[PDB]
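One chain is shown next in C-alpha cells, namely the form deposited in one PDB entry.
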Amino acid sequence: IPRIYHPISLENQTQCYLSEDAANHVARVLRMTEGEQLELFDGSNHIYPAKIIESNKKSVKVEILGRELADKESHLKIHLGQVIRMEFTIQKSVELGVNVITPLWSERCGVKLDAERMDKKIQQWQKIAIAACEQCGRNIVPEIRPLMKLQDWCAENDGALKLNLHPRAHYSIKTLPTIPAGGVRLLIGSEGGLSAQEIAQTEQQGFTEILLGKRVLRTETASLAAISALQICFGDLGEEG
C-alpha cells in the first residue's frame, strides 16, 4: 500500500536497495517484513509495484514487479515564489499540484538574508515535498529551489504569467483573461508587504495584480487559497469525471 520515493531511476532495474530514509521508515518505523508490498516511484511519472525481499538493519531490499505510467499532475504549471514556518506551505502546495517552489527573501520580510542557513532548511523542505508526493500519489516531485531575493525572482522570464496580490487590483483569479503556455508564477509576500523598489519591480515586470476576497488572510492561507483557486479555474481541480 505504502508509496516510497526512490532517488535514482528504476527503469530497467528488477531490484534495488531503498534510500536511507525509506529503509529506516520501512524496516524500523513501520517494521515491515519480507514479502510485503510497496509502490515505488522515481520522479519519472511512473510507479513500480514492488515487494520487500530483505528487511534488515540499515537496509531494505526490494524486487520490482512492473513499471506503469501514473500521471497525477495538473495540466496547469504553478510556480510558487514564497517569501520567508513553511513546512505546511510546502506540504499543502505539493498536494495541490504546485510544480516548482522558490523560497524568497524580501526587503521587509523580517529575516536576515542568509544563503547558507536557507540552504540547509531547503534540504529538509525537499524531504517534506518527497513525503507529500508519497502521500498524495504524485509521481513527479516538485523542486524546492535555492533561496532568492524577491526582486531577482520577479525578473526571471520563462513564459509564465506573473501574479501578485494587491488591494488595488481589478482582476480576481477567476477573471484572469489569459493563461500562457508556461503557466503561472505566483508571488506570495510576507506580512511586511513589499518595499517601494519591489513594488516598482512588479510593475516593471508586468505583473498582473489580483484580488482574493474581502478578508485579511494569513500568509499560509493566502498561498493555499490562491493555489486552490488557480487549480479549480485553470487546473485539474475543476475537471469533471
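C-alpha atoms forming the largest set that superposes within 1.5 Å between two forms make up the rigid core. Residue numbers here begin at 1 and follow the sequence given.
One more form of this protein exists, namely the form deposited in another entry; it is left out here, but the text below deals with it.
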Shifts of 2 Å or more in the Cα, rigid core superposed between this form and the one not shown, apply to only one of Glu143, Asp114, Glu156, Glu95; name it.
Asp114
Does superposing the core leave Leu194 with a CA shift of 2 Å or more between this form and the one not shown?
yes
The CA atoms of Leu113 and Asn157 move 3 Å or more in that other deposited form, ending up farther
Quick one: with a 3 Å or larger change, is the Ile210 to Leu113 CA distance smaller or larger in that other deposited form? Answer closer or farther.
farther
